[PDB]
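K.L.:
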Ligand SMILES: *[C@@H]1O[C@H](CO)[C@@H](O)[C@H](O)[C@H]1NC(C)=O
Ligand SMILES: *[C@@H]1O[C@H](CO)[C@@H](O)[C@H](O)[C@H]1NC(C)=O
Ligand SMILES: *[C@@H]1O[C@H](CO)[C@@H](O)[C@H](O)[C@H]1NC(C)=O
Ligand SMILES: *[C@@H]1O[C@H](CO)[C@@H](O)[C@H](O)[C@H]1NC(C)=O
Ligand SMILES: *[C@@H]1O[C@H](CO)[C@@H](O)[C@H](O)[C@H]1NC(C)=O
Ligand SMILES: *[C@@H]1O[C@H](CO)[C@@H](O)[C@H](O)[C@H]1NC(C)=O
Ligand SMILES: *[C@@H]1O[C@H](CO)[C@@H](O)[C@H](O)[C@H]1NC(C)=O
Ligand SMILES: *[C@@H]1O[C@H](CO)[C@@H](O)[C@H](O)[C@H]1NC(C)=O
Ligand SMILES: *[C@@H]1O[C@H](CO)[C@@H](O)[C@H](O)[C@H]1NC(C)=O
Ligand SMILES: *[C@@H]1O[C@H](CO)[C@@H](O)[C@H](O)[C@H]1NC(C)=O
Ligand SMILES: *[C@@H]1O[C@H](CO)[C@@H](O)[C@H](O)[C@H]1NC(C)=O
Ligand SMILES: *[C@@H]1O[C@H](CO)[C@@H](O)[C@H](O)[C@H]1NC(C)=O
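Protein chains in written order, with the deposited numbering: chain C, 33 to 50; chain J, 3 to 106; chain G, 3 to 107; chain K, 3 to 107; chain I, 2 to 35, 35A, 36 to 52, 52A, 53 to 82, 82A to 82C, 83 to 100, 100A to 100C, 101 to 111; chain N, 2 to 35, 35A, 36 to 52, 52A, 53 to 82, 82A to 82C, 83 to 100, 100A to 100C, 101 to 111; chain M, 2 to 35, 35A, 36 to 52, 52A, 53 to 82, 82A to 82C, 83 to 100, 100A to 100C, 101 to 111; chain E, 521 to 546, 568 to 664; chain B, 521 to 546, 568 to 664; chain F, 521 to 546, 568 to 664.
Have a look at this one:
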């Protein structure tokens, strides 16, 4: 009996070109 | 105020047991269930409406919404002789219903 | 709780009628008036203190603020002999006052 | 409400007094202390647990948290004999406790 | 919408009330504000409570709440009022009503009502 | 600001208790916190209630609500307290007070007080 | 965590009931949810209340607030319950319990309990 | 410091959300390239803020919603996810459902707004 | 889809406000023109958000305030506006009062903040 | 008008905060310089809004917090600060503690979130 919780500032990344 | 209707339930081993609870007000999906074997302090079986407590056999399950809730005990193995209680955790006066007894 | 002071009104045809209601607590402009025609279920006249309901004649009006409210009829036509109720819609206990009666003289 | 513990105090001139008040519920630091000299209306001494009111001597101070608070003075002067009251203000029904008396020997 | 009240008006002091209202013109399952109100000489109008026909939840007048329940059966467009500890004080005319109150609109629908003597 | 209470020094149970407080130094119509406090030998200090002079709204100690009202008067720059049911138990010195509480400041003004026998 | 209840089994109406609970396996000061609950042969299990071991704040069952205090002793790594008015209805089995409920977890720890008779 | 919690469990890492949040804002040819880069950082920031607003979350680093968790997105325990897994692992674990979940979050808020259009309490 | 509600009545159109919001944030001379266009999109977005902030409606798609409606701005039945009129038609009908209403919304919020300085619990 | 309150006392000046907020938003070399200036104005605006978000003051002009005032930052009477000083004077008096105070506000909000995660509805 779980629900979605939204987090902002999560320490993740993905490869990118900038 | 919480009411548990099957005050006395007596069932042969292998027969699935159904227990129930009706709240006077919505439980807002925060009902828990407890098992009290004679001579023992109560233990938590189910901690959220369908969420099973740690160390508890898969035989224990439940459901409900609003004010209507149930507890299901699959198999009803001989060890499960106890008083079963409903507990409402979504308000301050965390009422326990009057537990009912299940006898093998 | 709220009460209505003019328990009995008696007016000539065409005369202007004033009814009133006094709340113990603010209704924050959520108040309605109902007319219970004899033998009928009550019907809505005015809501949110002064908003006229669909189907209600322009002779019906009203006002008020906070706790002091009024219902008025600019011309009392012979038809409007009824009990007039005050209804509170600003809390859960949707209290009705004890409606007063308007008699035609 | 709240309980004032030292119902009667009696001090040698020059000694400091300590008074205490136990709230029934946390006051969330909205406690005020008042001084009522005989025949006078109460005067504000301290507010928000420890803030001193304008015109009040620095002899007066106070402290505490939750439900457990005190009122203290550095020394008792003859002019400081009064009944001292504990006033809660973190809920509408502002509540006063039963003030105690600080007598001088 | 049209509302029609029903149920027996002859009640013993030892039994429950059971009043079922028929709804016609819309569905219970699509609306809210389905409610019961009663009228008695000692009290012009007393709200009892209402039910949300979409979710099934209810709200009751706190003074009556301890002994009252409201429920629906949307398959027949009907809903009902049940009171357990029914006494002489509960003699009243009972009404079925639909209360619509939203940001953009306000209206009531009332049935004719029934009388119950305890 | 200065506050002065006045009214009957004795009120019988069937009579309405009425105390009027004169206000000097500012206008009622501008401030809030105009209030009454009761003092009796069996109760150190009891809060009665207050009125907002800008909006006219009031808040009463719920225990007195069934019989209490507070109102203002622009003309005499005064305000008053009334008790709709008098009982011997409510014998007290009534005080008129002004409570200023804001984010940036705090103070009280208290009047002399009037003893009323019931 | 392990919880052990202790105190006099027999108390009189004029006496304060005092029960303590020793806590082993963790620190009182780092946990919320330390609580007292009870069972009566004629009553379902009910709450007395709880205290935050870290903050000192409490919650109590409204029916028991006037005579009940819960407090801790973090140097003793234990906590206690005091009931300052004792009646026949207070005969019950009392328990020490720890209630952990957070967004990510839920569990209880219960002591064996003590029998208290008035 | 920034990304210090990257190898920590989700539970532990949820306590450092603020430090990550604070690091999002901090020759013609060269000048255009730099303006390009600055504008994009702003646009990305605003898109995340708009989504949170749409979902009913505003001014919060942690926000709860009414969307049930689907066992088909991830069938794991709470202790498993919060204590024995990092956010990087989790992000990979459910990357397949990112848009599904986002669509549901929006629908939930829209229903909430519809319910708030009633003056009736809806109890 | 986007603007599919353009011909809908105001009541019905208001059911889908998110779709209209989520679509707002999507050679030297060419490069400069494009940067100018991106910047304006951001500046306009932020201007509208600031007004919602000032009026006390931050984070909401539908917000109730205390400014009363003036019969001189428009005098129609509430049902006439919500059921027999579209948003385009309405916008034209009251375009004359847009600035008046905005001014009043700001004044109302300022009064509300002053009332919150009260500490007598605002009654 | 804008900055008309600059010589007013802090108390009186705080009565008109909206006017100070509404005035924050609005050849190759010339074009780049202007884009430079506009992008930067946006970045500053957002930076301040992010801090209000972090401190738990999003969408407000006046916000109460849980950080105690330190006598070491400034030891003055409450009535002294609010009635006998302007905001410019105040800013100079505590300019050395700006970052200290901001750091504490951030810690406070983080603790508040940790308390919310508790579910016993107690601090
Ligand atoms: C998930 O929780 C259950 C009940 O606490 C436990 O038996 C199980 O081991 C947990 N998951 C794993 C993979 O350990
Ligand atoms: C709605 O508008 C019509 C005109 O089309 C008018 O006659 C009617 O009285 C209005 N409704 C109300 C409640 O005033
Ligand atoms: C204000 O500060 C002065 C010192 O400059 C002090 O003498 C005075 O008592 C203070 N006023 C209050 C109300 O504390
Ligand atoms: C890495 O794993 C160890 C396991 O013992 C743990 O103690 C440590 O805190 C982890 N590192 C981080 C950054 O969480
Ligand atoms: C989500 O849950 C529904 C049942 O409510 C199920 O039919 C569906 O397959 C689940 N997952 C996905 C990705 O659709
Ligand atoms: C869905 O998951 C599978 C692995 O089970 C992966 O190969 C596929 O690329 C994923 N699709 C998306 C859209 O992430
Ligand atoms: C256009 O008008 C018809 C009238 O019957 C209505 O059914 C339809 O929904 C309207 N179109 C839109 C986009 O609202
Ligand atoms: C708004 O209402 C006022 C009365 O409160 C009136 O004097 C004024 O003319 C109306 N319209 C406008 C545009 O101000
Ligand atoms: C006011 O409305 C009329 C009619 O729509 C229009 O002709 C006129 O230009 C409008 N004035 C303003 C300032 O919008
Ligand atoms: C300047 O100081 C005087 C002092 O009497 C005050 O009345 C006036 O309002 C002040 N000016 C401003 C802009 O506050
Ligand atoms: C803040 O107050 C504490 C005492 O509670 C003191 O030790 C500390 O130095 C003060 N802050 C500053 C910047 O001085
Ligand atoms: C600290 O503040 C004083 C003014 O009170 C100022 O003269 C000094 O330069 C400041 N310290 C630093 C490091 O700037």
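Don't be surprised by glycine CBs; every beta carbon is placed ideally from N, CA and C.
1. Using 10 angstroms around the beta-carbon of residue 668/E, count the other beta-carbons present and answer buried if the total reaches 16, otherwise exposed.
2. Name the residues in the region 595 to 625 of chain E whose C-beta lies less than 9 Å from a C-beta of chain M; which are they?
3. What first and last residue would you give for the beta strand (DSSP E) that runs through residue 25/K?
4. Quick check on residue 14/J - is its C-beta less than 8 Å from some C-beta in chain I?
5. Using a Cβ cut-off of 9 Å, which residues of the region 29 to 40 of chain J contact any Cβ in chain M, in chain order?
6. I'd like to check one pair, residue 627/E with residue 41/C: are the Cβ atoms closer than 8 Å?
7. Leaving aside the five residues before and after residue 38/G along the sequence, list all residues of the same chain whose C-beta is less than 8 Å from its C-beta, in chain order.
8. Using three-state DSSP, classify residue 607/E as helix, strand or coil.
9. For residue 38/K, which three-state DSSP category applies?
10. Among 91/J, 68/J and 60/J, which has the Cα closest to the Cα of residue 100C/M?
11. Of all Cβ atoms in chain G, is any one closer than 8 Å to the Cβ of residue 91/I?
12. Does any residue of chain G have a CB that is nearer than 8 Å to the CB of residue 49/N?
13. Using a cut-off of 7 Å between C-beta atoms, extract the partners of residue 664/E located in chain I.
14. Name the chain B residues whose beta carbon is nearer than 8 Å to that of residue 588/F?
15. Measuring straight from C-alpha to C-alpha, what distance separates residue 655/E and residue 599/B?
16. Taking Cβ positions only, does residue 43/M come closer than 8 Å to chain E?
17. What's the C-alpha gap between residue 58/N and residue 606/F?
18. Under the rule that 16 or more other beta-carbon atoms within 10 Å means buried, what is residue 585/B, buried or exposed?
19. Going by the DSSP bridge assignment, what does residue 570/F pair with across the sheet?
20. I'd like to confirm the pairing. Which residues does DSSP put opposite residue 93/I in its beta bridges?
21. Anything in chain F within Cβ reach of residue 569/B, meaning under 9 Å, just list it in chain order.
22. Would residue 97/N be called buried (16 or more neighbouring beta carbons within 10 Å of its own) or exposed?
23. Here's the rule I'm using: 16 or more other beta-carbon atoms within 10 Å means buried, otherwise exposed. How should residue 9/J be labelled?
24. Give a yes or no on whether the C-beta atoms belonging to residue 54/K and residue 77/K are separated by under 8 Å.
25. At a cut-off of 7 Å, would you count residue 527/E as near ligand 4, judging by its Cβ distance to the nearest heavy atom?
26. Let me check understanding here. Comparing Cα to Cα, which of 630/F, 651/F and 642/F lies closest to residue 612/F?
27. Can you tell me whether DSSP reads residue 633/E as helix, strand or coil?
28. Interface residues of chain M around residue 658/F at Cβ under 7 Å?
29. When the Cα of residue 663/E is compared with those of 39/I, 12/I, 31/I and 9/I, which residue comes out closest?
30. Please identify, using Cβ separations under 8 Å, the residues of the region 57 to 90 of chain G that lie next to chain N, in order along the chain.
31. What's the C-alpha gap between residue 51/G and residue 64/G?
32. So does residue 33/C have its beta carbon nearer than 7 Å to some heavy atom of ligand 1?
33. Using the three-state DSSP reduction, which class does residue 100/N fall into: helix, strand or coil?
34. Output the distance between the C-alpha atoms of residue 74/J and residue 33/C, rounded to the nearest integer angstrom.
35. Using only the heavy atoms of ligand 6, determine whether one of them is closer than 7 Å to the beta carbon of residue 613/E.
36. Which two residues bound the contiguous alpha helix (DSSP H) that contains residue 643/E?
P.N.:
From the atom records:
1. Look at the range of chain E in this structure, 521 to 664, and you will see that residue 668/E is not part of it.
2. 603, 605, 619, 620, 622, 623 and 624
3. 20 to 25
4. no
5. 34, 36 and 38
6. no
7. 44, 45, 84, 85, 86, 87 and 101
8. strand
9. strand
10. 91/J
11. yes
12. no
13. 52, 56, 57 and 58
14. Those within 8 Å of residue 588/F in chain B number zero; the least Cβ separation is about 13 Å.
15. 18 Å
16. no
17. 28 Å
18. exposed
19. Beta-bridge pairing links residue 570/F to no other residue.
20. 35A/I and 103/I
21. 569
22. buried
23. exposed
24. no
25. yes
26. 642/F
27. helix
28. 98 and 99
29. 31/I
30. 68
31. 6 Å
32. no
33. coil
34. 16 Å
35. no
36. 639 to 656
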